[PDB]
Structures are given as C-alpha cells and as structure tokens.
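Novice: Before anything else, here's the structure in question.
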Amino acid sequence: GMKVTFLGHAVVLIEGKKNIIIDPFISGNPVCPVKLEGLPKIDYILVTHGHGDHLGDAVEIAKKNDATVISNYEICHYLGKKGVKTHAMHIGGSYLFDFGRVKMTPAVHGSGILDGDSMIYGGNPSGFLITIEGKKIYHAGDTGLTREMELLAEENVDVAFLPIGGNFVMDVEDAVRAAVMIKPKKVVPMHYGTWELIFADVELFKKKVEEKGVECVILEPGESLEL
Amino acid sequence: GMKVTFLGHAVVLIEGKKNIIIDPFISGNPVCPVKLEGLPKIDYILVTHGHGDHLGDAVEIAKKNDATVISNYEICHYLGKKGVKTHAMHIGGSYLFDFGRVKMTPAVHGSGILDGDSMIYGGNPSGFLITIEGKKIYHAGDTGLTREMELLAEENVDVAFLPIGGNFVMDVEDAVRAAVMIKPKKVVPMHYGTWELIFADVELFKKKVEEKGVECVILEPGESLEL
Amino acid sequence: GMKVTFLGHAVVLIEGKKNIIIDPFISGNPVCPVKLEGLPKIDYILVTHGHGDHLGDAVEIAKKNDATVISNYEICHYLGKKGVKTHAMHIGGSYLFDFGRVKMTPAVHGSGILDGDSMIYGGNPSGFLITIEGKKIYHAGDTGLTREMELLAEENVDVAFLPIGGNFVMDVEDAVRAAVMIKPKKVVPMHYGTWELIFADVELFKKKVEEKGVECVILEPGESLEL
Ligand SMILES: [Mn+2]
Ligand SMILES: [Mn+2]
Ligand SMILES: [Mn+2]
Ligand code: NI
Ligand code: NI
Ligand code: NI
C-alpha cells in the first residue's frame with residue numbers, strides 16, 4: 001500500500017518499502033510545495049530526460065541520500081562525472097530492482113543537458129513503467145503523442161501520469177488521445193501550469209478523458225493517492 | 001488565400017498575412033532559384049532539424065527581419081547564442097501564433113548541428129503540421145517511414161511535403177507508403193535532385209502515389225500553389 | 001550462397017562476394033571467439049549506433065582494409081575525422097551498393113560516442129535491413145520494442161537478429177513480441193550473456209518464440225548459417 005504524491009510540474013514521489021522520486025525538479029520549481037529539506041529519505045531517483053526541469057536536483061538528492069539514479073546510458077555518464085551512483089538502462093529496457101521492476105518507455109521529445117552554457121547530449125528521452133507489488137505506474141516524461149504508447153495497453157496500467165501543458169509536450173487534446181491509446185485505470189495530468197507557456201485547461205482534460213471512459217484524478221501539488 | 005512556394009531541396013515559403021519559411025537553405029543551395037535578397041519580408045522561420053541543408057540561412061534571415069525562429073528546445077538554445085529570437089517547442093507540442101497554429105511532428109532521422117568542425121546536439125528531428133485559416137500544411141522534414149505518420153490521417157491535411165530522395169530520407173517507394181498512411185488531399189515531393197546522391201525518379205513517384213488515390217503536384221523550385 | 005557468422009554480443013559477419021561486418025566489437029569483447037587478426041578481408045562495416053560495444057574496432061578495421069563504414073550522418077562525421085572512409089545515410093534511408101541494398105531502420109535507444117571522457121552526439125540509433133541476392137537480413141541494433149518493427153513484416157525477412165539481453169535492450173518477453181511483429185523466417189537472439197547485467201535465458205526465448213510460430217536458431221559465437 002504505497003503513497004504516490006504529485007509535487008508539481010513532473011515531480012512524482014512514490015513512498016513504499018523504498019522511496020522513489022521521478023524528475024526531482026524541486027529547487028526553482030514555482031509550484032512545488034516542498035523544499036529539498038522537506039523530502040523524505042530517497043532510495044532511487046528516476047530521470048526521464050536531460051532537460052533541467054526534470055533532471056532538477058538529482059545530483060544533490062542522490063549525494064545526500066546515497067541514492068541511485070536510474071536513467072539512460074548518456075545521462076548516467078554525465079551524472080557519474082558528478083560523483084553520483086547510477087544504474088544505466090536505455091529505451092525499452094527493464095530491470096528488476098529490490099523494490100520492483102523499472103522499464104524505460106519510448107517518448108518523442110529531446111534530451112539535452114544544459115551544463116553552464118553548453119548543451120550536452122543526454123541520449124534519447126523516455127518515460128518509465130514501474131511495477132511494484134503487482135501495481136503499475138506509468139510516468140510518460142516529456143513527450144508528444146506517439147503510437148509507442150499503444151504498447152502499454154496490454155499492461156493494464158493502474159495510474160498513468162501524462163503531460164498536458166502543450167508547446168513542449170502534448171496539449172489537452174493529444175493527451176486525451178494518449179489516454180485512449182494506453183487505457184490506464186486512472187490518469188493524472190501533469191506538466192501544466194508551472195509557467196504561462198504551458199497553461200492548460202486541466203478541468204477540460206478531466207471532462208474529456210472521462211467522456212472516453214478513463215477515470216481522471218486531478219492532483220494539486222502536494223496531493224497523493226494510494227496504490 | 002495564401003501562396004505556397006517550393007524553393008528547392010526542403011525550402012518551403014508560405015506567403016499570407018504573415019510570411020513563413022521552412023528550412024531556409026538558400027545560400028549554397030544549388031537548385032534554389034532565389035538569393036537571400038530575393039526573399040520577401042519574413043516573419044517566422046521553421047527549422048525541422050539541425051542539419052545544415054535545413055538550418056541553412058536561418059540566423060541571417062532572422063536578424064535581417066527581426067523574425068522568430070520556431071524549432072526544438074536544443075536548436076533554439078544554439079540559435080539564441082547566435083543572437084536570434086526564438087520560440088522553442090518540442091516533438092508533438094503545438095502553439096497558437098498570431099498567424100495560426102504550429103505543431104512539431106515526429107520524424108525518424110538525426111539532428112546534429114555542424115558548428116565549425118564540431119557536431120553539436122540539436123535535439124530530435126521533426127516535421128511541422130501548420131494550420132492557417134482552417135487549411136493544413138504538413139512538411140515532414142527529413143525522415144524515414146514511421147508509423148507516427150498515421151497520427152496525421154485524421155487531420156485531413158491539405159498539402160503534404162514529403163522527402164523522396166532516398167539515402168538520408170525516404171526513397172520513392174517508402175514515400176508512397178507514407179502518402180497512403182497520411183492520406184493528404186495533395187502531396188508534393190521534395191528533397192530530391194539537389195545532389196546526385198539523392199536523385200529520385202519524381203515522375204515515377206507521381207505516377208505511383210496517384211495510383212493509390214492521392215493527387216500529386218510536382219513543383220519545380222520557384223513554382224507555387226494557392227491554399 | 002553467403003555465410004552469416006555470429007561473433008558474439010552484436011557482431012555479425014556476412015561473407016559473400018563482398019564481406020560485411022556489423023557492429024565490430026572485437027577487441028575487449030569477452031565472448032568474441034576471434035581477434036582482429038582472425039577476421040577475413042572486410043569490405044564494409046555497418047555501425048548501428050555510437051555506443052562502444054557496437055562502434056567497436058570500426059576505425060582500425062576500416063583503415064587496415066580500406067573498407068567503407070556505413071552509418072548515420074553524425075557517426076560518419078566522427079569517423080571521417082578519424083581518417084575513415086564513410087558512406088553516410090540516415091534513419092529509413094536506403095542505398096544500393098555493389099553487393100546489395102542497405103536500409104537503416106528505426107530503433108528506440110541512444111547513440112552517444114564516448115571519446116575519452118566526452119560524450120559526443122552520434123545521431124539517432126538504427127538497425128539495418130540488408131538485401132543481398134533477394135535474401136534479407138535484419139539486424140535490429142540496440143533497441144527496445146517499437147511499432148516501427150511492424151513496417152518490416154511485409155519484407156518477409158529471412159533472418160532477423162534481435163537483442164534479448166534486457167536492461168539496455170529488449171528482454172526475452174519483449175523480443176518475442178518483436179518477432180511476432182516482424183514475422184521473419186528465422187530469428188537469431190543476440191546481445192546477451194556478454195556481461196552479467198545482460199544475462200538472458202536464451203533457451204526460454206527459443207521455446208517461446210517457436211510457440212508463436214517463428215523458427216529460432218541459437219548461434220553460439222563463432223557459429224554460422226548459410227543464406
Ligand atoms: Mn519538461
Ligand atoms: Mn536533408
Ligand atoms: Mn549494446
Ligand atoms: Ni523536456
Ligand atoms: Ni537531415
Ligand atoms: Ni547501445
């Protein structure tokens with residue numbers, strides 16, 4: 001019986017036997033209700049791609065917790081040079097960790113790491129399919145609509161986190177199409193409202209996806225559900 | 001009632017209330033019928049990926065026009081350091097500009113930026129779906145055949161620009177398959193003939209795609225259609 | 001009547017009128033039964049992506065043979081600076097060489113080139129569809145499961161090499177799904193066992209894919225089949 005908390009933008013914290021955080025953009029995240037000090041003990045950090053609003057505080061959280069960062073090969077190379085413990089994977093690959101299974105899923109996006117004024121290659125972007133005690137969480141990362149999402153329908157995902165903010169990621173209309181492709185038991189919208197460029201009508205998303213038969217739960221930053 | 005002009009290779013100029021150019025490879029483009037001075041006022045420049053035969057003269061055109069370059073996050077970072085005004089997006093994302101909507105579409109290709117002798121990471125490659133006054137133009141950028149194109153069928157695209165030159169991009173046979181996937185009202189072949197490596201039998205493309213029920217319009221560089 | 005030899009990890013050697021090697025990771029490859037000196041004359045080297053366990057000894061093999069390396073634009077740029085003869089292509093593109101046709105196929109993965117301590121951008125990762133005297137070989141490169149593989153079903157591939165090692169690439173279960181998508185006449189598992197991280201139950205793969213109606217041939221490193 002784990003606690004899954006949305007912390008704003010794309011930050012998702014999973015508290016169970018082990019504690020896992022995805023795309024830990026805490027410092028400088030204007031809708032994040034906690035500071036780094038407010039986080040619990042962290043065991044794993046999952047990073048979907050290199051962009052700073054996802055990579056976030058991964059280095060500091062990992063070092064302060066002796067946590068392992070799970071990401072693609074190229075991002076882990078970058079982090080390794082920062083003195084961070086990593087477990088590299090790549091797109092479509094999966095591994096069984098002490099807490100459960102992680103699979104990196106395809107995304108259509110980019111994965112540059114901005115280090116000073118230099119854009120470093122951070123592999124290709126992903127999402128994560130996480131299986132813990134028979135329960136499945138999908139975090140799509142940053143992505144546009146892609147037919148690769150149809151590969152997830154047979155998984156019978158319990159909770160799918162989908163970006164709806166538009167411009168850099170799917171807007172509301174395409175995220176509805178994604179929800180229909182994936183057919184999760186519940187969908188949670190994310191990556192909206194953080195800046196005005198990614199404003200989204202989240203109430204309209206909930207209304208439209210529920211009309212297609214998929215339950216939607218709107219989590220404000222700091223709110224949680226149990227799996 | 002806009003004027004859409006093919007200027008050779010992958011260069012497409014849209015003249016309406018605002019003027020938009022896609023992949024503005026003008027200087028050094030051996031099939032381009034105009035020089036930079038021959039271009040009209042430009043409001044927007046769309047860049048599908050980092051390769052020089054698409055990025056082209058984007059920097060000079062933007063600075064001489066105070067134009068905005070629309071491209072992915074990584075390419076816009078590169079251009080920003082060149083003093084260019086940008087509006088960053090990423091794959092599958094869309095935004096409503098003063099002239100109409102632009103959506104970046106998935107492509108399967110690469111996006112290196114050659115800066116001197118260094119290959120800079122330019123994100124992931126895209127195409128563009130452009131909606132202006134209810135009319136839709138698809139420019140596929142450089143790409144191979146991908147099932148992501150099937151996402152465009154429901155758009156009822158008016159004009160689709162598809163590469164047919166082979167080697168770096170789809171050849172004639174795969175571009176026919178793409179046309180069948182997308183089902184646009186009209187298809188225009190591009191990215192062929194510019195160099196001998198990308199020779200294509202464009203008359204055979206027209207013949208084969210029309211046998212599948214899709215009207216093909218062959219535009220020589222400098223020729224145009226109205227939308 | 002060509003000889004196709006699996007040399008371990010992802011190394012595939014095709015001996016015919018011309019000799020072709022794919023992802024020539026020889027030196028430092030712990031399951032490779034030959035040393036560089038043990039290779040025959042090489043005419044072409046195909047590199048699916050930038051990762052060192054695939055790029056491998058491409059530079060030394062090419063220079064010692066005056067061989068041409070076929071890969072994406074970005075990888076060929078890197079190799080060109082190493083003094084290597086290249087023929088650049090990109091994803092979905094094809095070209096007819098003196099020995100037959102090569103087409104680069106989509107993969108979902110990454111393509112960083114590790115040069116010293118720097119990660120260089122090596123384009124996007126691919127596989128190869130090779131057509132020689134009417135016979136077709138698919139080498140998927142490193143990849144996760146992707147619907148782009150369904151584009152290959154109509155090719156009636158004779159032999160498909162698929163990664164099954166998990167973590168960085170498809171595991172056994174997803175590779176079975178891939179085999180069903182592609183429907184080749186025979187499948188050969190690869191990219192497993194080389195390190196403990198990519199252990200795979202290869203006998204289980206053979207059993208499961210044959211239950212789906214696809215013949216599987218397990219080649220130990222050094223074993224071959226004729227096409
Ligand atoms: Mn983001
Ligand atoms: Mn091009
Ligand atoms: Mn590999
Ligand atoms: Ni992003
Ligand atoms: Ni290109
Ligand atoms: Ni790899």
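Ordering of the structure tokens sets the chain letters (A, B, ...), residue numbers begin anew at 1 in every chain, and ligands are numbered from 1 in the order given.
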What do you get as JSON, numbers by chain if you pick all residues at most 8 Å from ligand 3, counting only C-alpha atoms and all ligand atoms?

Specialist: {"C": [9, 10, 51, 52, 53, 54, 141, 142, 168, 169, 191]}

Novice: Check which residues fall inside 12 Å of ligand 2 when counting only C-alpha atoms and all ligand atoms, and print them as an MDAnalysis selection string.

Specialist: (chainID B and resid 8:11 23:25 29 47:56 109:112 125:127 140:144 162:170 190:195 197:198) or (chainID C and resid 73 88:91 93)

Novice: Got time to write the residues from that selection, N, CA and C atoms, as a compact mmCIF listing (two decimals), in the first residue's frame?

Specialist:
# COMPACT_ATOMS: atom_id res chain seq x y z
N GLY B 8 13.08 24.58 -53.62
CA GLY B 8 14.13 23.61 -53.86
C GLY B 8 14.64 22.95 -52.60
N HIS B 9 15.13 21.72 -52.74
CA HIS B 9 15.52 20.87 -51.61
C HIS B 9 14.36 20.72 -50.61
N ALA B 10 14.43 21.36 -49.44
CA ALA B 10 13.31 21.30 -48.48
C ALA B 10 12.75 22.68 -48.15
N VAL B 11 13.13 23.67 -48.94
CA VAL B 11 12.73 25.05 -48.66
C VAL B 11 11.28 25.28 -49.07
N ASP B 23 12.90 25.52 -43.27
CA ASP B 23 14.22 25.00 -43.65
C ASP B 23 14.90 25.83 -44.74
N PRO B 24 15.24 27.09 -44.42
CA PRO B 24 15.68 28.11 -45.37
C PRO B 24 17.13 27.96 -45.84
N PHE B 25 17.40 26.85 -46.51
CA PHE B 25 18.69 26.59 -47.15
C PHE B 25 18.70 27.33 -48.50
N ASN B 29 22.55 26.49 -51.90
CA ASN B 29 21.55 25.53 -52.38
C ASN B 29 21.52 25.54 -53.90
N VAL B 47 12.47 25.46 -38.45
CA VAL B 47 13.62 24.60 -38.72
C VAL B 47 13.31 23.20 -38.19
N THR B 48 13.28 22.22 -39.10
CA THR B 48 12.89 20.85 -38.75
C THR B 48 13.98 20.10 -37.99
N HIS B 49 15.24 20.37 -38.32
CA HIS B 49 16.35 19.74 -37.61
C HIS B 49 17.65 20.47 -37.89
N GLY B 50 18.71 20.04 -37.22
CA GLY B 50 19.96 20.80 -37.18
C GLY B 50 20.85 20.75 -38.41
N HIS B 51 20.61 19.79 -39.31
CA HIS B 51 21.46 19.60 -40.49
C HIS B 51 21.51 20.86 -41.35
N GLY B 52 22.69 21.19 -41.86
CA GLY B 52 22.92 22.49 -42.48
C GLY B 52 22.06 22.79 -43.70
N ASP B 53 21.62 21.75 -44.40
CA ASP B 53 20.79 21.92 -45.59
C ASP B 53 19.33 22.18 -45.22
N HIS B 54 19.09 22.41 -43.92
CA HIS B 54 17.75 22.76 -43.44
C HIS B 54 17.83 23.99 -42.56
N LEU B 55 18.72 23.94 -41.57
CA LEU B 55 19.01 25.12 -40.76
C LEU B 55 19.39 26.29 -41.67
N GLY B 56 20.27 26.02 -42.64
CA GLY B 56 20.52 26.93 -43.73
C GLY B 56 20.88 28.34 -43.28
N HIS B 109 15.17 10.32 -37.84
CA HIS B 109 16.28 10.98 -38.54
C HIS B 109 17.31 11.33 -37.47
N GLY B 110 18.14 12.34 -37.74
CA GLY B 110 19.06 12.86 -36.74
C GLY B 110 18.98 14.37 -36.70
N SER B 111 19.66 15.01 -35.75
CA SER B 111 19.60 16.46 -35.70
C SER B 111 20.90 17.11 -35.21
N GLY B 112 22.03 16.69 -35.76
CA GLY B 112 23.30 17.32 -35.44
C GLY B 112 23.45 18.69 -36.08
N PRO B 125 14.88 15.33 -34.49
CA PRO B 125 14.34 15.94 -35.70
C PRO B 125 12.81 15.91 -35.72
N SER B 126 12.20 16.80 -36.49
CA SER B 126 10.76 16.88 -36.55
C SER B 126 10.26 17.18 -37.95
N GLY B 127 8.94 17.18 -38.09
CA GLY B 127 8.30 17.86 -39.19
C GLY B 127 7.41 18.92 -38.57
N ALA B 140 7.31 17.27 -43.76
CA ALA B 140 7.77 16.13 -42.95
C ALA B 140 9.20 16.30 -42.42
N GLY B 141 9.89 17.33 -42.89
CA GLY B 141 11.31 17.48 -42.60
C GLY B 141 12.09 16.36 -43.28
N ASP B 142 13.28 16.06 -42.78
CA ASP B 142 13.97 14.83 -43.17
C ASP B 142 13.45 13.70 -42.29
N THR B 143 13.07 12.59 -42.90
CA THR B 143 12.57 11.49 -42.13
C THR B 143 12.52 10.23 -42.99
N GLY B 144 12.58 9.09 -42.31
CA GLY B 144 12.25 7.82 -42.93
C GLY B 144 10.79 7.55 -42.65
N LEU B 162 6.72 15.78 -48.77
CA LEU B 162 7.38 14.54 -48.36
C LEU B 162 8.71 14.38 -49.08
N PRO B 163 9.77 14.02 -48.34
CA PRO B 163 11.06 13.77 -48.99
C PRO B 163 11.05 12.47 -49.78
N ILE B 164 11.65 12.45 -50.97
CA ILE B 164 11.68 11.22 -51.77
C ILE B 164 13.08 10.87 -52.29
N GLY B 165 14.09 11.61 -51.85
CA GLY B 165 15.42 11.49 -52.41
C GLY B 165 16.23 10.25 -52.03
N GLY B 166 15.77 9.49 -51.04
CA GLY B 166 16.48 8.29 -50.64
C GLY B 166 17.76 8.57 -49.85
N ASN B 167 18.41 7.49 -49.40
CA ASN B 167 19.70 7.51 -48.68
C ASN B 167 19.67 8.16 -47.28
N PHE B 168 19.45 9.47 -47.23
CA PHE B 168 19.27 10.17 -45.95
C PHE B 168 17.81 10.20 -45.53
N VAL B 169 16.91 9.99 -46.48
CA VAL B 169 15.48 10.12 -46.25
C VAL B 169 14.76 9.04 -47.03
N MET B 170 13.43 8.99 -46.90
CA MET B 170 12.62 8.03 -47.66
C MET B 170 12.95 8.07 -49.14
N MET B 190 9.70 16.42 -52.29
CA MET B 190 10.78 17.36 -52.07
C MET B 190 12.07 16.61 -51.71
N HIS B 191 13.14 17.37 -51.47
CA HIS B 191 14.41 16.81 -51.01
C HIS B 191 14.89 15.74 -51.99
N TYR B 192 14.90 16.09 -53.27
CA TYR B 192 15.43 15.21 -54.30
C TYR B 192 16.13 16.06 -55.34
N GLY B 193 17.08 15.46 -56.04
CA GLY B 193 17.70 16.10 -57.18
C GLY B 193 18.77 17.11 -56.84
N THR B 194 18.82 17.55 -55.58
CA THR B 194 19.73 18.61 -55.16
C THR B 194 21.19 18.21 -55.35
N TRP B 195 21.49 16.96 -55.01
CA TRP B 195 22.78 16.33 -55.29
C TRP B 195 22.52 14.95 -55.89
N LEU B 197 23.55 12.02 -55.09
CA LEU B 197 23.25 11.03 -54.05
C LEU B 197 21.75 10.94 -53.74
N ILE B 198 21.02 12.05 -53.89
CA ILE B 198 19.58 11.98 -53.63
C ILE B 198 18.76 12.16 -54.89
N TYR C 73 24.65 10.06 -40.44
CA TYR C 73 25.44 11.22 -40.79
C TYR C 73 26.39 11.62 -39.67
N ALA C 88 27.62 7.99 -45.54
CA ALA C 88 26.59 8.40 -44.59
C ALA C 88 25.18 8.17 -45.15
N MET C 89 24.28 7.75 -44.27
CA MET C 89 22.86 7.60 -44.55
C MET C 89 22.11 8.19 -43.37
N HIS C 90 20.80 7.99 -43.30
CA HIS C 90 20.11 8.21 -42.02
C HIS C 90 18.84 7.37 -41.94
N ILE C 91 18.12 7.51 -40.83
CA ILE C 91 17.10 6.53 -40.47
C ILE C 91 16.00 6.41 -41.53
N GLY C 93 16.52 5.56 -44.55
CA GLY C 93 17.08 5.78 -45.87
C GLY C 93 17.73 4.51 -46.37

Novice: What does the distance between atom CA of residue 156 of chain B and atom CA of residue 184 of chain B come to in Å, to one decimal place?

Specialist: 5.9 Å

Novice: Considering only C-alpha atoms, return as a list in words whatever protein or nucleic-acid residues lie within 10 Å of residue 158 of chain C, sequence-local ones (same chain, fewer than 5 positions apart) excluded.

Specialist: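 Here the answer would be residues 131, 134, 135, 136, 137, 138, 183, 184, 185, 186, 187 and 227 of chain C.
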
Novice: Specify as a PyMOL selection string all residues of chain A found within 10 Å of chain C, counting only C-alpha atoms.

Specialist: chain A and resi 72-75+77-78+81+87-96+102-107+120-126+146-151

Novice: Interatomic distance between atom CA of residue 172 of chain C and atom CA of residue 220 of chain C?

Specialist: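 If I compute the distance from atom CA of residue 172 of chain C to atom CA of residue 220 of chain C, I get 17.0 Å.
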
Novice: Select, from C:100, C:218, C:159, C:42, the residue with the minimum atom-to-atom distance to residue 132 of chain C, counting only C-alpha atoms.

Specialist: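 Comparing C:100, C:218, C:159, C:42 against residue 132 of chain C, the winner is C:100.
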
Novice: If we count only C-alpha atoms and set the cut-off at 7 Å, which residues sit around residue 226 of chain A, ignoring sequence neighbours fewer than 4 positions away in its own chain? Please answer as a PyMOL selection string.

Specialist: chain A and resi 1-4

Novice: Would you compute the distance between atom CA of residue 212 of chain A and atom CA of residue 224 of chain A? Give it in Å to one decimal.

Specialist: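 Atom CA of residue 212 of chain A sits 23.9 Å away from atom CA of residue 224 of chain A.
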
Novice: Which of these residues is nearest to residue 15 of chain B, using only C-alpha atoms: B:43, B:57, B:98, B:66?

Specialist: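 Result for the nearest residue to residue 15 of chain B: B:43.
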
Novice: List the neighbours of residue 20 of chain C out to 8 Å using only C-alpha atoms; skip same-chain residues closer than 6 positions along the sequence, and give me the result as number ranges by chain.

Specialist: C: 13-14, 42-46

Novice: Which residues in segment 39-150 of chain B does DSSP call strand (DSSP E or B)? List them as a ChimeraX atom specification.

Specialist: /B:44-46,68-72,86-89,94-96,101-106,112-115,118-121,126-132,135-139

Novice: I'd like the contact shell of residue 222 of chain B - 7 Å cut-off, only C-alpha atoms, skipping same-chain residues fewer than 6 positions apart - returned as a tab-separated table (two decimals) with N, CA and C atoms, in the first residue's frame.

Specialist:
chain	number	residue	atom	x	y	z
B	5	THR	N	5.18	28.44	-51.91
B	5	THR	CA	6.20	28.28	-52.95
B	5	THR	C	7.28	27.28	-52.54
B	6	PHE	N	7.54	26.30	-53.41
B	6	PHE	CA	8.68	25.40	-53.20
B	6	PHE	C	9.94	26.06	-53.76
B	7	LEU	N	10.98	26.20	-52.94
B	7	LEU	CA	12.19	26.85	-53.43
B	7	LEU	C	13.36	25.88	-53.58
B	33	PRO	N	16.17	28.91	-56.78
B	33	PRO	CA	16.06	29.94	-57.81
B	33	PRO	C	16.19	31.39	-57.31

Novice: Name all residues at most 10 Å from residue 210 of chain C (count only C-alpha atoms; drop same-chain ones fewer than 4 positions away) and give them as a list in words.

Specialist: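 Those residues are residues 176, 179, 186, 187, 204, 205, 206, 214, 215, 216 and 217 of chain C.
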
Novice: Looking only at helix (DSSP H, G or I) from DSSP on the backbone, list the matching residues of chain C as number ranges by chain.

Specialist: C: 36-38, 52-55, 58-65, 73-80, 147-155, 172-182, 196-198, 202-211
